[PDB]
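To keep things clear, I will list the structure first and then write my remarks on it.
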Amino acid sequence: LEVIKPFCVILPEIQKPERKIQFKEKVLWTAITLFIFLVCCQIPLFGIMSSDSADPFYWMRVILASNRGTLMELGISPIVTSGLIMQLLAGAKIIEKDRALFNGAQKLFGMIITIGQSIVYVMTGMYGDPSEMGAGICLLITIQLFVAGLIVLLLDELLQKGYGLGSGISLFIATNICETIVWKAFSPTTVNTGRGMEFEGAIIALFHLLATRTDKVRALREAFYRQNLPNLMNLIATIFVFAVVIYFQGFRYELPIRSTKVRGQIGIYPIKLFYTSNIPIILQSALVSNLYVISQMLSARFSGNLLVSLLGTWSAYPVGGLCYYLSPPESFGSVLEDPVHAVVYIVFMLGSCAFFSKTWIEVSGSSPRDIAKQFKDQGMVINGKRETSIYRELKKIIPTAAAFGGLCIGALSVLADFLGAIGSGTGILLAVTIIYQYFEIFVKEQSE
Amino acid sequence: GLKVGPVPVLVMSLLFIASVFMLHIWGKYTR
Amino acid sequence: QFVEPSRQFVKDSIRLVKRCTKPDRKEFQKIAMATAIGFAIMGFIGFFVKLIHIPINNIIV
Ligand SMILES: COc1cc(F)cc(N2[C@H](C)CN(S(=O)(=O)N3CCCN(CC4CCCCC4)CCCN(S(=O)(=O)c4ccc(N(C)C)cc4)C[C@H](C)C3)C[C@H]2C)c1
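Residue numbers (our numbering), protein chains in the order written: chain A, 3 to 450; chain B, 71 to 101; chain C, 232 to 292.
This is the structure we're talking about:
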């Protein structure tokens with residue numbers, strides 16, 4: 003933090019607000035950040051030759067809030083990679099007013115990683131052959147992506163220092179899923195075919211079919227059971243899964259804490275069933291995603307090998323290897339032919355969410371020991387129980403809560419995948435569990 | 071060092087978008 | 232080695248669920264309304280922004 007310190011000051015920074023920002027200006031800044039994110043997501047890059055190749059990173063476009071061929075190609079990568087590299091350096095003991103140096107080096111490294119990513123994204127050939135594009139065009143694309151990542155970091159700091167609600171990672175990820183669901187519901191796009199003109203949006207197609215078709219019953223049947231375009235049984239399943247996740251996320255083990263330092267403040271410490279709120283979903287989706295992009299790049303080179311044929315066998319959906327057993331089955335209908343694949347997938351999704359949750363409670367400092375230390379340091383004690391028994395009463399709840407909120411969230415993802423709900427299961431879980439965070443922020447600011 | 075506010079961040083975010091549009095328009099009417 | 236730990240985990244989870252504060256009708260309605268409002272805001276703002284930029288991207292690109 004001293005050798006690189008010269009380079010850790012030049013980058014811009016956000017001033018902490020002098021006074022507490024009201025819940026009106028915070029929502030205003032959140033809306034401005036969201037609007038900037040969306041507009042940059044819809045603006046194509048300059049220098050692209052042909053965005054006709056299959057997307058190398060199609061699988062991570064959801065978790066990373068990315069949009070191919072646009073300014074927001076990396077999405078929330080500048081935010082995620084900076085934090086990840088900071089934690090990796092801290093854990094490896096390479097790195098230790100020091101907060102300013104840490105928060106400057108974080109942004110300085112999250113832009114070097116952003117540049118490296120903007121170089122890896124171009125040599126993949128998704129924008130065309132770099133030799134044909136030329137050094138000038140490649141450099142211009144890299145500069146555009148660098149400025150976009152800088153804007154991403156600035157907007158995230160704007161949201162986090164107090165000017166807005168929540169964080170960039172949650173807001174952008176939830177936005178790209180809510181927008182996807184709303185687009186698959188109201189798409190003006192019309193995929194023509196031999197049958198005729200039909201809209202790609204389920205509701206718009208329902209209206210078009212009820213208007214232009216004489217056989218109204220066969221129009222309702224079609225608009226409800228289309229197998230080529232989003233139908234209404236996939237939008238009703240989305241609402242049902244939303245309702246189920248909403249019900250199950252409201253579970254909480256209300257602990258009656260009672261302070262002993264300043265006597266008088268009795269309170270409730272809620273231990274939610276979803277203890278790690280969608281962190282198991284982010285971790286599982288990130289694992290599989292970054293593994294499909296690897297088994298997909300290693301299925302072109304080194305083709306026909308053994309390690310490649312076991313890691314994944316692509317067609318682009320997997321048909322064998324490890325990738326096949328991690329991919330959701332094509333609804334419950336495609337389970338009859340392959341039962342072992344469905345069993346392995348349902349087992350993997352639960353046993354990975356549970357493992358990730360029970361590991362994250364120890365890694366993120368939310369384990370029963372850490373909560374007991376917080377209780378001891380704040381004077382909090384459980385009302386009915388004793389003061390030295392707080393650790394036991396927390397160890398009898400928090401580990402089980404984390405494990406079962408991993409199983410529950412994995413099962414909800416599996417159910418959403420099996421119901422054909424729009425937005426996937428990861429997306430519907432990442433949308434609901436992030437809208438609930440903003441709902442909690444809303445109630446907190448409105449009660450304070 | 072440099073400590074910008076939310077308003078400069080919004081201005082820079084809008085100017086980058088505008089510059090991208092100007093590049094695209096210049097390319098379209100130059101090609 | 233497998234039956235006993237799984238049974239203990241199942242019992243612990245069942246007790247935790249039977250001791251959690253499950254939402255009632257009013258809380259479920261409030262959370263559903265808030266989630267619907269947030270989803271509408273984000274999704275429809277993104278939908279309108281995407282609609283605006285389809286002709287624009289068709290012209291410029
Ligand atoms: C077809 O081309 C190919 C082929 C191939 F054989 C491999 C690849 N590589 C490339 C490197 C490009 N990259 S990358 O730059 O896109 N990158 C992933 C990088 C991997 N490590 C480690 C990183 C780098 C090391 C130093 C800090 C971190 C995963 C890091 C985190 N991830 S995450 O798990 O997805 C994730 C996690 C959490 C969240 N939250 C919402 C909180 C979101 C996402 C994000 C990175 C920013 C993305 C792809 C990779 C496949 C690309």
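Every residue, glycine too, gets a C-beta built ideally from N, C-alpha and C.
(request) Would you tell me roughly how many angstroms separate the C-alpha atoms of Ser333/A and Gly425/A, rounded to the nearest one? (result) 14 Å
(request) Can you tell me which of the three DSSP states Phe276/A falls into? (result) coil
(request) May I ask you to report which of helix, strand or coil DSSP gives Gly322/A? (result) strand
(message) Please state whether the Cβ-Cβ distance between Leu234/A and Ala204/A is less than 7 Å.
(response) yes
(message) In the DSSP output, which residue or residues are listed as bridge partners for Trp316/A?
(response) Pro320/A
(message) Is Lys98/B close to chain C? Criterion is C-beta to C-beta, closer than 7 Å.
(response) yes
(request) With a cut-off of 8 Å on the beta carbons, I'd call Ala302/A and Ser359/A a contact; round off their distance for me. (result) About 35 Å; that fails the 8 Å criterion.
(request) Using a Cβ-Cβ cut-off of 7 Å, state whether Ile45/A counts as contacting chain B. (result) yes
(request) Answer yes or no: does any C-beta atom of chain A fall closer than 7 Å to that of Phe233/C? (result) no
(message) Using CA atoms only, rank isn't needed, just tell me which of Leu417/A, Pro190/A, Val243/A is closest to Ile283/C.
(response) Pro190/A
(request) Grab me the residues of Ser52/A's own chain with a C-beta within less than 6 Å of its C-beta, minus the 5 sequence neighbours each way, in chain order. (result) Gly130
(request) Just tell me which of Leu90/A, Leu91/A, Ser84/A, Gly138/A has its CA closest to the CA of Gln119/A. (result) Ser84/A
(request) Look up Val383/A in the DSSP assignment and say whether it is helix, strand or coil. (result) strand
(request) For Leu90/A, count neighbouring C-beta atoms within 10 Å of its own C-beta (all shown protein chains included) and say buried if the count is 16 or more, exposed if not. (result) exposed
(request) Measure from the C-beta of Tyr255/A to each C-beta in chain C and report whether the shortest distance is under 7 Å. (result) yes
(request) Would you kindly check if the distance between the Cβ of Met128/A and the Cβ of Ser55/A is under 7 Å? (result) yes
(request) Look at the alpha carbon of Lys28/A and the alpha carbon of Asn178/A, and state the distance between them as a whole number of angstroms. (result) 21 Å
(request) Kindly list, in the order they appear in chain C, the residues whose Cβ is closer than 8 Å to that of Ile87/B. (result) Residues of chain C passing the Cβ test: none, with the nearest at roughly 11 Å.
(request) Output the distance between the C-alpha atoms of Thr192/A and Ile285/C, rounded to the nearest integer angstrom. (result) 14 Å
(request) Just list the alpha helix (DSSP H) runs in the segment 82 to 168 of chain A, keeping only unbroken ones of 4 residues or longer that don't cross its boundaries, in chain order. (result) 100 to 125, 132 to 135, 137 to 160
(message) Spatial neighbours of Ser369/A within its chain, please: C-beta separation below 6 Å, excluding the five flanking residues on both sides.
(response) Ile363
(request) Less than 8 Å between the CB atoms is what I'm expecting for residue 213/C and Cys180/A, so what's the real figure, rounded? (result) This structure gives no information on residue 213/C, because the portion of chain C shown stretches from 232 to 292.
(request) Check the Cβ of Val41/A against every Cβ in chain B and list those closer than 7 Å, keeping chain order. (result) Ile87
(request) Round the Cβ separation of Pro320/A and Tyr347/A to the nearest angstrom and send it over; I've been treating them as touching at under 8 Å. (result) Not confirmed; about 11 Å, so no contact.
(message) Against chain B, which members of the segment 322 to 342 of chain A pass a CB distance test of less than 9 Å?
(response) none
(message) Taking only three categories from DSSP, how would you classify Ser261/A?
(response) strand
(message) Since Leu157/A and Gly170/A should fall inside the 8 Å C-beta cutoff, what is the C-beta to C-beta distance between them, to a whole number of angstroms?
(response) 6 Å
(request) Tell me, to the nearest whole angstrom, how far the beta carbon of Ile373/A is from that of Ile400/A; I am working on the premise that it is less than 8 Å. (result) 7 Å
(message) Run through chain B and tell me which residues come within less than 9 Å of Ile16/A, C-beta to C-beta.
(response) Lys73, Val74, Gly75, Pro76, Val79
(message) Judging by CA-CA distance, which residue of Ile411/A, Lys18/A, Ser366/A is the nearest neighbour of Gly164/A?
(response) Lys18/A
(request) Please check if any C-beta of chain B sits within less than 7 Å of the C-beta of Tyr123/A. (result) no
(request) Could you name the residues that DSSP lists as bridge partners for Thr72/A? (result) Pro46/A
(message) With DSSP as the reference, identify every bridge partner of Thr192/A, one or two as the case may be.
(response) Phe201/A
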